[PDB]
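J.:
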Amino acid sequence: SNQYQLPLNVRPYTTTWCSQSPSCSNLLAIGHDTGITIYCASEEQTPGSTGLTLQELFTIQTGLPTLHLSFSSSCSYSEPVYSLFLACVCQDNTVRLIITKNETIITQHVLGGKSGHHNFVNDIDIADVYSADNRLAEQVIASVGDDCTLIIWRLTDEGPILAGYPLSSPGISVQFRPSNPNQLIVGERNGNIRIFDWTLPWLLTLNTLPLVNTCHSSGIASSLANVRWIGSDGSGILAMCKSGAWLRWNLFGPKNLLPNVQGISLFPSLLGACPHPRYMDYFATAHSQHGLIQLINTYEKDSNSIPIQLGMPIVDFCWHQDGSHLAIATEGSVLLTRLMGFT
Amino acid sequence: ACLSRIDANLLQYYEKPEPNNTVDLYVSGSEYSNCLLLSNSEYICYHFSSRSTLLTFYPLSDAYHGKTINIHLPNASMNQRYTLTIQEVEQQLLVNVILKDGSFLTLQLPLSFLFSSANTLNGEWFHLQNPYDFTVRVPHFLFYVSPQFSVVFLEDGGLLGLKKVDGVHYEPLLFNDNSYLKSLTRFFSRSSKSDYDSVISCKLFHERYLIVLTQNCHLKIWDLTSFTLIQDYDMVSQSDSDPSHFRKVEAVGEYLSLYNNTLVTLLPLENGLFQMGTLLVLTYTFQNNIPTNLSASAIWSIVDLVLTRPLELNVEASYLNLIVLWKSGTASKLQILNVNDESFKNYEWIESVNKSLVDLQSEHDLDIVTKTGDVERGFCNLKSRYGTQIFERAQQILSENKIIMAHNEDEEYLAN
Numbered sequence: 005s006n007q008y009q010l011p012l013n014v015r016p017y018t019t020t021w022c023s024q025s026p027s028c029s030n031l032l033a034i035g036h037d038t039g040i041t042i043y044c045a046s047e048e049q050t051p052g053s054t055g056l057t058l059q060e061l062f063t064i065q066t067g068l069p070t071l072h073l074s075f076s077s078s079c080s081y082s083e096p097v098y099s100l101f102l103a104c105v106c107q108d109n110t111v112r113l114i115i116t117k118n119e120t121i122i123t124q125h126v127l128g129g130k131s132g133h134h135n136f137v138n139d140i141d142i143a144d145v146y147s148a149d150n151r152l153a154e155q156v157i158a159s160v161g162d163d164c165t166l167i168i169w170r171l172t173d174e175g176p177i178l179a180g181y182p183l184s185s186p187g188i189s190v191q192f193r194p195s196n197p198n199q200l201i202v203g204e205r206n207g208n209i210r211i212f213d214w215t216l232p233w234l235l236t237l238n239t240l241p242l243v244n245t246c247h248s249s250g251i252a253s254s255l256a257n258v259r260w261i262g263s264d265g266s267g268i269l270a271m272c273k274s275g276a277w278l279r280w281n282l283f299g300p301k302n303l304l305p306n307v308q309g310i311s312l313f314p315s316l317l318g319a320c321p322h323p324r325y326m327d328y329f330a331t332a333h334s335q336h337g338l339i340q341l342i343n344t345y346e347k348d349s350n351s352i353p354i355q356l357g358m359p360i361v362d363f364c365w366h367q368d369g370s371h372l373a374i375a376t377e378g379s380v381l382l383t384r385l386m387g388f389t
Numbered sequence: 002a003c004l005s006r007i008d009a010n011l012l013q014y015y016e017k018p019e020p021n022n023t024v025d026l027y028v029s053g054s055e056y057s058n059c060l061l062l063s064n065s066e067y068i069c070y071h072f073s074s075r076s077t078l079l080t081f082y083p084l085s086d087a088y089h090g091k092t093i094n095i096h097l098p099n100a101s102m103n104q105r106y107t108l109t110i111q112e113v114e115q116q117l118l119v120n121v122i123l124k125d126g127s128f129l130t131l132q133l134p135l136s137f138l139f140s141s142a143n144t145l146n147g148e149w150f151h152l153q154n155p156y157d158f159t160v161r162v163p164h165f166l167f168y169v170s171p172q173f174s175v176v177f178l179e180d181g182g183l184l185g186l187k188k189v190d191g192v193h194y195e196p197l198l199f200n201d202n203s204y205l206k207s208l209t210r211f212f213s214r215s216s217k218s219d220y221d222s223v224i225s226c227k228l229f230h231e232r233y234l235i236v237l238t239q240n241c242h243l244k245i246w247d248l249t250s251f252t253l254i255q256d257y258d259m260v261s262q263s264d265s266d267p268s269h270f271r272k273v274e275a276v277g278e279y280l281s282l283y284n285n286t287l288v289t290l291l292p293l294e295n296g297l298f299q300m301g302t303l304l305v311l312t313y314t315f316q317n318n319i320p321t322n323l324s325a326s327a328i329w330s331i332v333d334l335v336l337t338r339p340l341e342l343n344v345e346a347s348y349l350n351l352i353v354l355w356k357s358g359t360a361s362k363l364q365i366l367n368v369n370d371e372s373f374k375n376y377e378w379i380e381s382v383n384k385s386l387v388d389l390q391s392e393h394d395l396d397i398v399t400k401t402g403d404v405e406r407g408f409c410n411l412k413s414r415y416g417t418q419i420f421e422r423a424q425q426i427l428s429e430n431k432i433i434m435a436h437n438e439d440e441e442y443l444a445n
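Read top to bottom, the protein sequences are chains b1 and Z1.
Reading the first sequence from the start, the letters are residues 5 to 83, 96 to 216, 232 to 283, 299 to 389 in the entry's author numbering.
Reading the second sequence from the start, the letters are residues 2 to 29, 53 to 305, 311 to 445 in the entry's author numbering.
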């Protein structure tokens with residue numbers, strides 16, 4: 005493990021790799037109480053133990069807390097100059113898209129007030145949509161909140177298009193489908209899981240609550256932590272409960303009648319699962335409060351693998367695109383740790 | 002299923018799983057429980073403990089703030105609650121209990137005291153007494169008839185009378201019994217541990233007639249004016265006389281209850297026969318045998334039955350209603366037999382749901398509302414759902430069995 009300190013007065017809230025855009029996949033953003041900081045990951049000589057070190061590049065000042073953070077495919081590099101596009105959520109309950117050239121915010125769009133969410137925003141994600149001619153036609157941001165609303169915010173050539181959709185319960189996560197921006201997934205706090213075609232009722236709703244194996248009772252309150260697609264065509268869906276209970280469904299052949307596989311993490315997962323970018327069957331989950339991280343294999347290859355235990359709480363974490371490195375933001379730092387097995 | 006189950010834990014709203022006002026009286053409840061209505065329109069509940077050493081009283085409509093009274097007994101009653109009676113005489117709960125050693129204990133609990141704040145009781149609230157020698161001929165069933173009179177039933181088959189002269193003392197008024205003379209036959213002995221045809225159920229009719237059901241399902245009828253056996257019906261020789269097996273009832277239970285002049289009796293043939301005739305003058314006259322609808326082998330036991338005036342059911346064609354409570358382990362079954370007409374030949378069985386909605390939803394994972402997520406969230410969820418009495422009893426059973434919460438997020442614990 006190598007450890008890289010965040011500035012002394014910087015409290016991290018969120019950590020994400022720029023896996024969404026290959027030109028910028030070595031860019032790391034930390035949303036904190038005064039903005040979003042960008043770091044670069046480089047192969048040093050090091051020892052080929054952790055043959056990867058972190059270089060802090062710069063800090064984008066915003067003046068208020070950043071709670072969720074997503075890079076877009078529009079990110080680019082030039083010589096040098098970084099052209100960034102970031103979706104995030106701020107203390108004023110607004111959802112924003114910030115477009116920068118390095119630390120300087122050259123452009124900013126803000127969706128808030130009554131036109132925005134009418135309660136706390138719980139999650140956000142972003143994807144670039146191109147026309148048939150293949151110019152940038154739209155950038156699309158999806159967000160979910162405690163106002164029982166899902167918001168699709170499309171920024172198009174002739175300007176913004178806003179749409180709201182009602183939910184049976186607070187939205188706790190949202191993510192567009194890989195290799196198919198026409199589809200996306202929305203998570204409700206109550207265990208409902210929506211598959212949605214925004215170009216169009233919405234196509235499908237699964238639910239983890241009634242499926243709990245109950246060989247070991249998952250408890251009275253098993254609030255849904257997370258749902259994410261897996262695979263590079265978005266061939267699968269993985270859902271994780273706060274309790275640690277997880278379930279996986281695949282989407283291809300024949301007729302289907304239950305979720306394909308199911309299990310339970312050793313610990314609660316407040317932050318939910320972070321699926322491996324290269325190995326579908328694998329995902330990571332943290333015991334954020336004691337600072338341990340379990341690695342789970344869906345086809346039970348795993349047998350309780352806990353590669354990571356810190357002596358401190360974990361605020362957030364995410365896989366580097368290479369699949370062997372992990373970046374983890376803790377309350378005062380970010381660690382890059384390399385698991386030798388995944389190399 | 003026309004009825005549903007609503008479960009009530011009278012302490013559910015409060016944190017303390019026990020009333021602050023509990024008083025323990027001492028004489029020099054998970055085996056029986058019942059309710060009794062009093063002069064003041066209030067229901068008093070009572071419980072006789074597993075050992076039959078503790079009697080507990082508490083007010084149905086004020087369990088938390090009202091007083092629960094634990095009366096401790098020097099020893100257990102001869103034969104559980106079956107050797108115990110409780111009736112409201114005059115502004116008092118009169119409780120009599122034949123104890124194991126033979127003593128006949130009287131309790132007098134003033135109505136006031138049951139609904140007072142007091143933790144003390146004045147005057148003679150209990151009397152010990154030895155009216156008969158129960159060492160030789162052991163009794164097993166005590167039946168209240170009147171404030172001064174009530175009969176005792178014996179294991180060997182004999183009846184004893186018990187007449188109150190003053191206010192306290194009791195004396196044996198014996199009944200004529202020539203049933204014993206069947207000993208003369210090669211098929212019965214006085215000395216035999218079998219052969220007893222003891223009473224297993226008993227009801228008082230029109231203050232004077234005492235209707236008894238025996239282990240061989242004979243309905244004998246005693247006139248208390250005469251103190252003489254007036255009737256003796258063999259209940260079983262009416263329906264299909266099965267030579268294979270009629271289960272002579274091997275314990276005291278609730279095998280009959282009467283309303284006006286009607287009388288249902290529970291006879292065991294695969295545990296499934298409700299005979300019901302009519303009483304009239311004294312004469313008992315058969316009408317019909319109504320079987321039961323029970324399967325999975327028929328392994329339900331009668332808990333209690335109550336014949337009574339008809340209900341408001343989905344069938345207007347009704348004359349009488351029998352409420353029936355079966356049990357099989359800790360699972361229960363409530364049914365209502367509706368008899369349509371004064372002939373007991375047209376009837377219909379009405380079932381009910383024997384689990385509450387909350388329980389069914391929890392079992393069948395049909396609960397969409399309860400918040401999910403945190404391990405402590407599940408804690409609040411279960412705590413709030415179950416109530417403190419149960420939740421703490423469960424946490425008691427956990428630590429006894431050495432199951433201890435590892436950390437904040439021990440999901441393996443919550444499961445348990």
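C-beta atoms are modelled at their ideal positions from N, C-alpha and C, and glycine is treated no differently.
Taking only runs that begin and end inside the region 183-240 of chain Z1, name each unbroken beta strand (DSSP E) of 3 or more residues, in chain order.
T.: As far as the region 183-240 of chain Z1 is concerned, its whole beta strand (DSSP E) runs of at least 3 residues are 183-188, 194-196, 223-229, 233-238.
J.: So that I know if they touch, is there some Cβ in chain b1 lying closer than 8 angstroms to that of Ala444 (chain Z1)?
T.: Within the second sequence, residue 444 (chain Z1) is the residue found at index 415, counting from 1. So, interface residue.
J.: Please identify the residue among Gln104 (chain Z1), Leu228 (chain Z1), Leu12 (chain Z1), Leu366 (chain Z1) whose C-alpha is closest to the C-alpha of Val121 (chain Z1).
T.: As a first step, residue 121 (chain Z1) is located in the second sequence; it is residue number 97 there, counting from the start. The candidate whose alpha carbon is nearest that of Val121 (chain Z1) is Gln104 (chain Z1).
J.: Tell me which residues of the region 242-259 of chain b1 have at least one Cβ-Cβ distance to chain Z1 shorter than 8 angstroms, keeping chain order.
T.: Here the close residues are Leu242, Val243, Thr245, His247, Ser248, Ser249, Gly250, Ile251, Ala252, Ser253, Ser254, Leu255, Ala256.
J.: Evaluate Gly39 (chain b1) with the Cβ neighbour count: other Cβ atoms within 10 Å of its Cβ, from every protein chain shown; 16 or more gives buried, anything less gives exposed.
T.: Position 35 of the first sequence, counted from the start, is the residue given in the question as residue 39 (chain b1). It is buried - the Cβ of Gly39 (chain b1) has at least 16 other Cβ atoms within 10 Å.
J.: Assign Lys431 (chain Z1) to buried or exposed, taking buried as 16 or more other Cβ atoms, counted over all protein chains shown, within 10 Å of its Cβ.
T.: The residue you call residue 431 (chain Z1) lines up with position 402 of the second sequence. It is exposed - the Cβ of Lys431 (chain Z1) has fewer than 16 other Cβ atoms within 10 Å.
J.: Taking the continuous beta strand (DSSP E) assigned at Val160 (chain b1), which residues delimit it?
T.: Here residue 160 (chain b1) refers to the residue found at position 144 of the first sequence. Run containing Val160 (chain b1): 152-161, per the beta strand (DSSP E) assignment.
J.: Please confirm if residue 30 (chain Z1) has its CB atom under 8 angstroms from at least one CB of chain b1.
T.: Any question about the placement of residue 30 (chain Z1) has no answer from these coordinates, since chain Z1 jumps from 29 to 53.
J.: Can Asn109 (chain b1) and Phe136 (chain b1) be called in contact, C-beta distance under 8 angstroms?
T.: Translated into positions along the first sequence, residue 109 (chain b1) becomes position 93. Translated into positions along the first sequence, residue 136 (chain b1) becomes position 120. Yes. Within cutoff.
J.: Give a yes or no on whether 8 angstroms exceeds the smallest Cβ distance from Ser274 (chain b1) to chain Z1.
T.: Numbered from its first residue, the first sequence carries residue 274 (chain b1) at position 243. So yes, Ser274 (chain b1) belongs to the interface.
J.: Give the secondary structure of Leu138 (chain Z1) by DSSP, where H, G and I count as helix, E and B as strand, and everything else as coil.
T.: Numbered from 1 along the second sequence, position 114 holds the residue referred to as residue 138 (chain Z1). It is helical.
J.: What residue does the alpha helix (DSSP H) around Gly407 (chain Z1) start on, and which one ends it?
T.: The count along the second sequence starts at 1 and reaches residue 407 (chain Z1) at position 378. 404-415 is the extent of the alpha helix (DSSP H) around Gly407 (chain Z1).
J.: By how many angstroms is the C-alpha of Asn410 (chain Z1) removed from the C-alpha of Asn445 (chain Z1)?
T.: Counting from 1 along the second sequence, the entry for residue 445 (chain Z1) is found at position 416. Counting from 1 along the second sequence, the entry for residue 410 (chain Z1) is found at position 381. Spanning the two alpha carbons is a distance of roughly 15 angstroms.
J.: List the endpoints of the continuous alpha helix (DSSP H) containing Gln24 (chain b1).
T.: Along the first sequence, one-based indexing puts residue 24 (chain b1) at 20. First-last for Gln24 (chain b1): undefined, no H or E at that position.
J.: My parser needs the beta strand (DSSP E) runs of 3 or more residues fully inside the region 120-206 of chain b1; what are they?
T.: Listed in chain order, they are 120-127, 137-146, 152-161, 165-172, 175-182, 187-193, 196-204.
J.: How many angstroms separate the CA atom of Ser361 (chain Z1) from the CA atom of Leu183 (chain b1)?
T.: As a working mapping, residue 361 (chain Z1) is identified with position 332 in the second sequence. As a working mapping, residue 183 (chain b1) is identified with position 167 in the first sequence. Near 41 angstroms, if we compare the C-alpha coordinates of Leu183 (chain b1) and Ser361 (chain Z1).
J.: Please tell me whether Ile397 (chain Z1) has its Cβ less than 8 angstroms away from any Cβ of chain b1.
T.: Stepping through the second sequence from its first residue, residue 397 (chain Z1) is reached at position 368. Taking Cβ atoms only, chain b1 reaches closer than 8 angstroms to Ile397 (chain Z1), which makes this a yes.
J.: Report the option in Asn146 (chain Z1), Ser324 (chain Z1), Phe229 (chain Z1), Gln115 (chain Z1) whose CA atom is closest to the CA atom of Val305 (chain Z1).
T.: Position 281 of the second sequence, counting from 1, holds the residue named residue 305 (chain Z1). Ranking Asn146 (chain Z1), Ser324 (chain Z1), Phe229 (chain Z1), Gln115 (chain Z1) by Cα distance to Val305 (chain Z1) puts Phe229 (chain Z1) first.
J.: Going by Cα to Cα distance, which pick from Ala435 (chain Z1), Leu323 (chain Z1), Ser76 (chain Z1) is closest to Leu108 (chain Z1)?
T.: Taking the first residue of the second sequence as 1, we reach residue 108 (chain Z1) at position 84. Out of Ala435 (chain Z1), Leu323 (chain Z1), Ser76 (chain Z1), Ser76 (chain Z1) has the C-alpha closest to the C-alpha of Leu108 (chain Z1).
J.: Kindly list, in the order they appear in chain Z1, the residues whose Cβ is closer than 8 angstroms to that of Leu240 (chain b1).
T.: Residue mapping note: residue 240 (chain b1) aligns to position 209 of the first sequence, counting from 1. In chain order: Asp394, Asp396, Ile397, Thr401.
J.: Taking the alpha helix (DSSP H) that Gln13 (chain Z1) falls in, what are its first and last residues?
T.: Counting from one through the second sequence, the residue named residue 13 (chain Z1) turns up at place 12. Premise fails: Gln13 (chain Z1) is in no alpha helix (DSSP H) and is neither H nor E.
J.: State buried or exposed for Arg279 (chain b1), treating a residue as buried only when at least 16 other CB atoms are found within 10 Å of its CB.
T.: For this step, residue 279 (chain b1) is matched to residue 248 along the first sequence. Buried, by the Cβ-count rule.
J.: When you compare the CB of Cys409 (chain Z1) with every CB in chain b1, is at least one pair closer than 8 angstroms?
T.: Walking along the second sequence from the start, residue 409 (chain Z1) turns up at place 380. Yes, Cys409 (chain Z1) lies at the interface with chain b1 (some Cβ there is under 8 angstroms from its Cβ).
J.: In angstroms, rounded to a whole number, what distance separates the CA positions of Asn281 (chain b1) and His333 (chain b1)?
T.: By one-based count along the first sequence, residue 281 (chain b1) stands at place 250. By one-based count along the first sequence, residue 333 (chain b1) stands at place 287. Taking the straight line joining both Cα atoms gives about 27 angstroms.
J.: Do you know whose CA, among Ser263 (chain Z1), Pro134 (chain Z1), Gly126 (chain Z1), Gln418 (chain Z1), lies nearest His164 (chain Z1)'s CA?
T.: Taking the second sequence and counting its residues from 1, one reaches residue 164 (chain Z1) at position 140. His164 (chain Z1) has its Cα closest to that of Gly126 (chain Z1), out of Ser263 (chain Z1), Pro134 (chain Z1), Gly126 (chain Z1), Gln418 (chain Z1).
J.: Among all the DSSP beta bridges, which residues are the ones paired with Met326 (chain b1)?
T.: Taking the first sequence and counting its residues from 1, the one referred to as residue 326 (chain b1) is at position 280. Paired residue(s): none; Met326 (chain b1) is not in a bridge.
J.: Output the distance between the C-alpha atoms of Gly55 (chain b1) and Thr383 (chain b1), rounded to the nearest integer angstrom.
T.: Working through the first sequence from its first residue, we reach residue 55 (chain b1) at position 51. Working through the first sequence from its first residue, we reach residue 383 (chain b1) at position 337. Taking the straight line from one Cα to the other gives about 10 angstroms.
J.: Between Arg414 (chain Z1) and chain b1, is there a C-beta pair that is closer than 8 angstroms?
T.: As a position in the second sequence, residue 414 (chain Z1) is number 385, starting the count at 1. Yes, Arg414 (chain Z1) lies at the interface with chain b1 (some Cβ there is under 8 angstroms from its Cβ).
J.: Using a Cβ-Cβ cutoff of 9 angstroms, what residues of the region 308-323 of chain b1 are near chain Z1? List them in chain order.
T.: For the region 308-323 of chain b1, which is checked against every Cβ of chain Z1, the residues closer than 9 angstroms are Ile310, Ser311, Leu312, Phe313, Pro314, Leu316.
J.: By a C-beta neighbour count over all protein chains shown, 10 Å radius and 16 as the cutoff for buried, is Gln107 (chain b1) buried or exposed?
T.: One-based indexing of the first sequence puts residue 107 (chain b1) at position 91. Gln107 (chain b1) comes out exposed.
J.: When DSSP labels each residue in this structure, what does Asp362 (chain b1) get in the three-state scheme?
T.: As a first step, residue 362 (chain b1) is located in the first sequence; it is residue number 316 there, counting from the start. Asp362 (chain b1) falls in the strand class under three-state DSSP.
J.: Is DSSP giving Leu235 (chain b1) helix, strand or coil here?
T.: Taking the first sequence and counting its residues from 1, one reaches residue 235 (chain b1) at position 204. If DSSP states are grouped into helix, strand and coil, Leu235 (chain b1) belongs with the strands.
J.: Report the residue from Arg112 (chain b1), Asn150 (chain b1), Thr239 (chain b1) whose alpha carbon sits nearest the alpha carbon of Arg170 (chain b1).
T.: Within the first sequence, numbered from 1, the residue matching residue 170 (chain b1) stands at position 154. The shortest Cα separation from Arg170 (chain b1) among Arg112 (chain b1), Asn150 (chain b1), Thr239 (chain b1) belongs to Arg112 (chain b1).
J.: Work out the CA separation of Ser29 (chain b1) and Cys364 (chain b1) for me, nearest whole Å.
T.: By 1-based counting over the first sequence, the position of residue 364 (chain b1) is 318. By 1-based counting over the first sequence, the position of residue 29 (chain b1) is 25. So the two alpha carbons sit approximately 12 angstroms from each other.
J.: Give me the residue from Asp258 (chain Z1), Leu186 (chain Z1), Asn375 (chain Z1), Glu421 (chain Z1) with the minimum Cα distance to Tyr15 (chain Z1).
T.: Against the second sequence, residue 15 (chain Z1) aligns to sequence position 14. For the residues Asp258 (chain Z1), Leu186 (chain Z1), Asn375 (chain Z1), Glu421 (chain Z1), the minimum Cα distance to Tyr15 (chain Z1) belongs to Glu421 (chain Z1).
J.: Kindly list, in the order they appear in chain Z1, the residues whose Cβ is closer than 9 angstroms to that of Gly207 (chain b1).
T.: In the first sequence, the residue the question calls residue 207 (chain b1) occupies position 191. Near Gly207 (chain b1) (Cβ distances below 9 angstroms), the residues of chain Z1 are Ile397, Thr401.
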